[PDB]
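K.L.:
first chunk of the complex, coordinates as they sit in the assembly:
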Amino acid sequence: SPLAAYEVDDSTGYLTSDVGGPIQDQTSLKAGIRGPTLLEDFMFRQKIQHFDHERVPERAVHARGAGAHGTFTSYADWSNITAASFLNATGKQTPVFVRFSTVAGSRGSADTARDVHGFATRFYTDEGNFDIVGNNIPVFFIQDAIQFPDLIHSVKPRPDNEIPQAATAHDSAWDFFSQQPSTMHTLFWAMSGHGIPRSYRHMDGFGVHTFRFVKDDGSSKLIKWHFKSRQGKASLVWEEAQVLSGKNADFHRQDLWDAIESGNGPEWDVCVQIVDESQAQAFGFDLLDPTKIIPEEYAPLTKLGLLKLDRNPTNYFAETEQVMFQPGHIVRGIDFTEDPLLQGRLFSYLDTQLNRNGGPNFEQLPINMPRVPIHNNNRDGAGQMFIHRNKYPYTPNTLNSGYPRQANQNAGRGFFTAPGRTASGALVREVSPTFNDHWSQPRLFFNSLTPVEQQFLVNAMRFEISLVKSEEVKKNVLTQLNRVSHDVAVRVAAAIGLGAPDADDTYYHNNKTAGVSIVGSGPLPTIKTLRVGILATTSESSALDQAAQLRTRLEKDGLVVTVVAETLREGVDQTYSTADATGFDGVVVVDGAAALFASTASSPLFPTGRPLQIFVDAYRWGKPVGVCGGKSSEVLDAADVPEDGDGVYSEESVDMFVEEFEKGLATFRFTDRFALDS
């Protein structure tokens, strides 16, 4: 913790200026008790000036996000495939910092927007900082970095009025998607449940690009990075995400914070797919193309180590806001590929930190510093924090005895470009013909989802495209969807009253791939941290008694339990007024409370119908719901919830109720409650 050396404690002591002079900061200096404020009030000005300059530009993308500290532990000595020092011994531990994010919204936008999500991991290795700046979706919208402002301008708010915030549901985005068909693969992922994850802990991370692992002998293999969640994969449903955006814009950052504080810090297996250089085009697409995945059937995952997040930042601004990641932060044993999206990224991340930091010495901020000595001839610049002793900062020199020395493949453990890499041909601004198949892999992805997942994706597209005003853009969108799947274009067209174009089967096929479905990936492996809302009443002393007994039983198994009542008191966490179904992964009514759910309910302490609305919403959104007490039928009738439904629980016995209700939590969503196209 270079973070702990820079920590500042203010738990005792008298207020000082920034130069250590004790002062006051509550009243301005004035000429007389009702007089004007004086220019000589240095206390006033130092304080306001600091306030007035507190903000810094938000990131150009991924502005909305949150971070945590942890550790990476290697499972083996990986010398045989990479020279990377953080992977060179069983059990070797490296500190990490991770930031998760959306792409499109500004700071302050809602966590539960539909979007691609960032998953950026810094490894503070003993041979330098290494960053993997990935996303929760393994493919990207575009095939060349020069198009990135085009993609981003199209998805961000229309620039006359700056509407809409954090959403692709507008003409410009679908105009771009429909004119730039490379977008189809990422679009399909973003329109699935991968666009609205349950939490940062319930998504995967991917490096997206093919990279190289380079051995000390100089041989190389091609790799893709996969961070596979140990919490399982899980999504919201859209109608739930929308309400969550309003009720709790901070949902994902709160979830992450709380999991870490409770001792449930999330984990991922850090994995690679590893293939030979000769396989760059063996799989029916080009490994230089970031719109393509390698099916796991062609290349299995190898598990390199464990990533665990287990500590929250001390100061959000200083750590999370100021962390400045770069794919250029590379270490010996890793190399780039000629992926034209990766290639341009290298430029952008060094440049953009000048905007954020306002000066060139951004690598000296505590969160950006390495954990090894720095020896170089970089000097001066605004905000220079070091006092360099070497007064001959040039190479070659004799007056500093030739130091710092050059590092390279054979000296000082230098980074070196993989020596088998070559280039040949004309200097061109031309797209490789090997990149031209934009529709096959979207179809592979779509084929690999379950029927209800396919319906959710169609429904997401129906939602967004129905909000596009241009009839031409809508037609063009159907044209592109039709090339992936005639069925998708037909079902989407039905919602927007246009006809789909005739089937064009060039890229149609029936193939599937493992591991891309959320709903298909079986029950969650753990239910720790999941949220249960127990709906109770201060009316009946039996209701708070039953709530307390359920609480014990659920908290035993690591669930986070919230007892809801009309008013706060001992045992009650939340009022009906502040409660919502978006707040819980499952809801239980204690039978003691059945009168609150009648249609003539009414209280000055919460909005009309709130108790029942929580229960109904939770049911309609596919959550496990139940009534505990043995007079269940009255609440279930008021809800129009069938007692015999999957994921509906009714028991008098607390112990039997809990046992089945917990199986429901693992199932997580009951997908039989959602209507499917015929």
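P.N.:
Sure thing, it's come through. Numbers count the residues shown, from 1 in each chain, chains lettered A, B, ... in the order given.
K.L.:
what distance do you get for residue A:353 to residue A:97?
P.N.:
Going from residue A:353 to residue A:97 by C-beta to C-beta, to the nearest Å gives 16 Å. Where you see a C-beta, it was placed from the backbone N, CA and C, and this is true even at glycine.
K.L.:
the more surrounded of those two?
P.N.:
Taking other C-beta atoms under 10 Å, residue A:353 and residue A:97 do not tie; residue A:97 has more neighbours (25 against 21).
K.L.:
where does the more buried one sit: helix, strand or coil?
P.N.:
For residue A:97, the assignment made with DSSP: H, G, I helix; E, B strand; the rest coil gives strand.
K.L.:
my guess is residue A:320 contacts residue A:312, does it?
P.N.:
No: at 9.6 Å, residue A:320 does not count as touching residue A:312 under the criterion of C-beta atoms under 8 Å.
K.L.:
hmm, residue A:610 is touching residue A:578, no?
P.N.:
No: the criterion here is C-beta under 8 Å, and residue A:610 misses it with residue A:578 at 9.9 Å.
K.L.:
can you slot in chain B too:
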Amino acid sequence: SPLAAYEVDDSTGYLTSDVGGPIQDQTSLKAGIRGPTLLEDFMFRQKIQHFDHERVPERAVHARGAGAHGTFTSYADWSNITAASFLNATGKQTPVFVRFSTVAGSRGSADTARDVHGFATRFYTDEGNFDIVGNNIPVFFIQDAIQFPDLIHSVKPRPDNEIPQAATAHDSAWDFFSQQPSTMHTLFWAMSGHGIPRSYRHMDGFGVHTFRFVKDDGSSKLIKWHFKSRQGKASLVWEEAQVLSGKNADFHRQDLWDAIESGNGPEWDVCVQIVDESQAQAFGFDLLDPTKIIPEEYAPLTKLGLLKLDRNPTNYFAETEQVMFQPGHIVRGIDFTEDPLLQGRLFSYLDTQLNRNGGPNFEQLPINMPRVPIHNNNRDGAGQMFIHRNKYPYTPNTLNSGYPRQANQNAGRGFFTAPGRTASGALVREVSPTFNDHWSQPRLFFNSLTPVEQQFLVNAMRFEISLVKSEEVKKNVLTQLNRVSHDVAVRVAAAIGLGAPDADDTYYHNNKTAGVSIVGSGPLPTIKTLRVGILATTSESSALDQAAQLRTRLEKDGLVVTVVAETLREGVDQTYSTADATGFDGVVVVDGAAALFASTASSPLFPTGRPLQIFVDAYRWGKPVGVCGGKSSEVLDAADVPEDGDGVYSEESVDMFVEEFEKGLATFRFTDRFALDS
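P.N.:
Placed with the earlier chains, chain B looks like this:
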């Protein structure tokens, strides 16, 4: 447009660099067709560098906002009270730019957060730019500018985890409120409907501070600025505001945008209260105190002129984002007072623009430029756009013949300090004792609300304080509330399971004041722009017929009509999937659509129960609802809405339906549907 001279047209022509060289920007230059990108690719780098640097720091407060162009027109020659040139002739027109905003949220946060709102107006006068940087609430939280960072730190997200976004519902804010009693007045306004306005058009603006009008003879009078909405006052209900925050984060900016495009540009009467210098302490409080209003019974409003917003910006960034308001932008005829809040603001706004603009020449941005010539000896600085001819930029000079000439009270129409102003006494960092009554005016305000408005305010406080984790903070909050009103403290305490402290009647009184109530300000004066959702179906050709007839008669009265059905087609604006009750001011079901409202209604095209939920939500939130066509009983029964309810409409005849329904839209909210504490 004033700013037409700076417009750039890209409706034709070939892509160029910033220096006019024709280029391409879709493919990177590579060493071979699958090769690495080249450093000599200047096309790539100039485009990506611009992208990398697009963002600028958000405003330190009022980051989330929106703007429009307009005109101010004077109603008279106001020479007899002020020298101000924009007020010197009946009918005199001056261009304006207004930005509206929330206070606490970052720039992507929801418009319908509970907050104080900004209302900042620039008058581009023939004697310089004059800015009135106001709020929609006439009193401010604190009495000294030096305390602003304390207020804002406490209300903004907790700095460890940056939670929660755009909300005072957390411990730090209520800690500050309870330890700093000056906050009570603004707190009561923010917890009333004024904290969740229906639109920027349905709120007032206030300068907050006492200022001075100064005549050409040097005599002065004390003024408060009031911008009084011609659209009337209106608020959301909290439970509505919360869902709206998710469903449409852009609600207020969209409402303003749309009103201007439809030729319904909003208007305010720009008014002043005018009192003599001798009345600074005549009204039982100190006019230098920004936590106090002057009750209209003691000083009436004088209408000075009309503010009309009628033109949307061309580019949001360039106009809205870059507008840099200053209370320091003052003109001859106006002066400051020794209000210690105002005094410190004068420093802050000049300083903070350096952060935003990144250099000192921010007054040269098109939106910030004046509409008259500039003559001064300000020179150089980053981003200097002028080429100054005068090569002797010093005073006094002979080598530029003594130009520019000094302007003052007697020459060149210079600004001048009101010459009757004086100071006397010790140089002190002390609060005037005349500022010490923090509680009477909060009580005056509370007393001037209707019973249901009082309930809504109590309920806002119950909501927020129930989320405060510290029992000590909650206790301290009740202590302060109790000094305003024992009844308030009792009613709030009931939701959080504490007892309120014994009554302390030092500041209790029964006085009321006119015009601070929303509910009490009679029906809206116009219903133009209000939104009616018509819930129809494609399953019956008669329903769409009914909807079309309803649309014709409602549009004739300038309402914005959305017809909602399962799918889009001619006549249908929105699908049930995208529709929500938060999108309408009133909801009509056409009786041809009754089958969608049954509890077994289901479709793959929208979430279960969505048609009925829209109707139920609208009813519960106090909106006029109805069924048109004659067969009303299944819809009203399914919704549990009584046919004889106020603001419930049931007529066979479209004519009669609309005549009654329109009375309901003017009534706006039916307050009898909300329960009151006994």
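K.L.:
tell me how far the residue nearest to residue A:38 when sequence neighbours are not counted lies from residue A:132.
P.N.:
Using C-beta to C-beta, 6 or more residues apart in numbering or on different chains and skipping residues adjacent in sequence, the residue nearest residue A:38 is residue A:29, 4.9 Å away. As for residue A:29, its distance to residue A:132 is 53 Å (criterion: C-beta to C-beta).
K.L.:
and these two? which has more neighbours close in?
P.N.:
residue A:132 (25 against 19; other C-beta atoms under 10 Å in any protein chain shown).
K.L.:
wasn't the more buried one part of a strand?
P.N.:
Yes: counting by three-state DSSP, residue A:132 is found in a strand.
K.L.:
show me what it is bridged to.
P.N.:
Beta-bridge pairing of residue A:132 under DSSP bridges involves residue A:121.
K.L.:
that one against residue A:125, yeah?
P.N.:
No: counting by C-beta under 8 Å, residue A:132 sits too far from residue A:125 to count as a contact (11.8 Å).
K.L.:
okay, now chain C:
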Amino acid sequence: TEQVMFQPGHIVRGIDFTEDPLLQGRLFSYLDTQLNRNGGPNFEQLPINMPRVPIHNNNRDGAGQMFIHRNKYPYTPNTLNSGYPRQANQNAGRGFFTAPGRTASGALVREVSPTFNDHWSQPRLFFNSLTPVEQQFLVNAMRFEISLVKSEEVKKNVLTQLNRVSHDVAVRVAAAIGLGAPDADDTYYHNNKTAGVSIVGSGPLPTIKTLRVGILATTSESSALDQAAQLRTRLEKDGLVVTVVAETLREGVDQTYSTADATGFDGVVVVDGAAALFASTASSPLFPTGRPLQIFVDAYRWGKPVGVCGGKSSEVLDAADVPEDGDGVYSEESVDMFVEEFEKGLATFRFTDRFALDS
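P.N.:
If we add chain C to the chains shown above, we get the following:
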């Protein structure tokens, strides 16, 4: 050095400001200007600017933020951080406080105090307090600068102001620029003087340590370099910085004639073994024509102590047109006697009898 950011706003308990209107505005400027230099608000965190005591305040964020603040309730007043940091003032925490006797009275004005209006008496006090040669130098600095002003009207306006200080100054300055001085205006003329403002009159320097002595020698003569080495040891003993100069470097020789100039020395000594370099027909590809003699002559003309060490002085001094009996001109055979006299000269520092006076 480049990053140090000073401010008169950096004040401590026991010091306070006055209502000097120049000082009052400075307090604003120095806080504001560091934003320009540093490009962000955390300039007090640069090592040179940090205090040597703990910092406890609620300043947060900003570009370049180096601290990680633990207090997550950075507002006052608070209970959630127990009311810390506490307010410091006259009576608690050794706070800064404004001197309590200070007051203000009267109108809010943009007017100059009439008490500020005598612009000329003190300039005259200062001028009166200089020695005659110092007065001449001041006049000569004005004649130099004003003679480069192209505007005839500006020049007249200058003599109008100077004349209000001293008619004599305006006359002597006017003579160089071909204008007539305006007639005497004696409102602010006086004969008063004040101690300690004169440089020339502040006696010999109190130390000559660090002053620079150039020894002009030659590689022609093994004698010349021996004399230079003996001089060097004797001068270095008294903490002077000695530079031996010759045609080319070698052991004992610090600088070539090519790089040397009289501006590099406070005193110049020629060793008499080097006399041949000082002739008018001296010439070498290793230095500009006349360079050795020019160093000596420049040093003499600029008022420095000069001398010849070894016993044979008259060829050098005649080549240079320097009278052997001049004040601050030294001739001795003995190194010890040479240095004893020469060091008196270094303490005198400048021999002002070598500069002409008006009238």
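K.L.:
ok, then the element right after the lengthiest helix in chain A?
P.N.:
Criterion DSSP state H: the longest helix present in chain A is helix A:340-357. The helix or strand immediately downstream of helix A:340-357 is strand A:427-428, counting by DSSP states H and E.
K.L.:
so who does residue A:207 touch?
P.N.:
A:132-134, A:224-226 (C-beta atoms under 8 Å, 6 or more residues apart in numbering or on different chains).
K.L.:
can I get those residues in TSV with distance to chain C?
P.N.:
Formatted as TSV, the contacts of residue A:207 follow (distance: C-beta to the nearest C-beta, whole Å):
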residue	distance to chain C
A:132	24
A:133	22
A:134	26
A:224	35
A:225	30
A:226	32
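K.L.:
can you say which of the residues you listed are buried?
P.N.:
A:132-134, A:224-226 (16 or more other C-beta atoms under 10 Å in any protein chain shown).
K.L.:
ok, those vs chain B, which is closest?
P.N.:
residue A:133 (14.6 Å; C-beta to the nearest C-beta).
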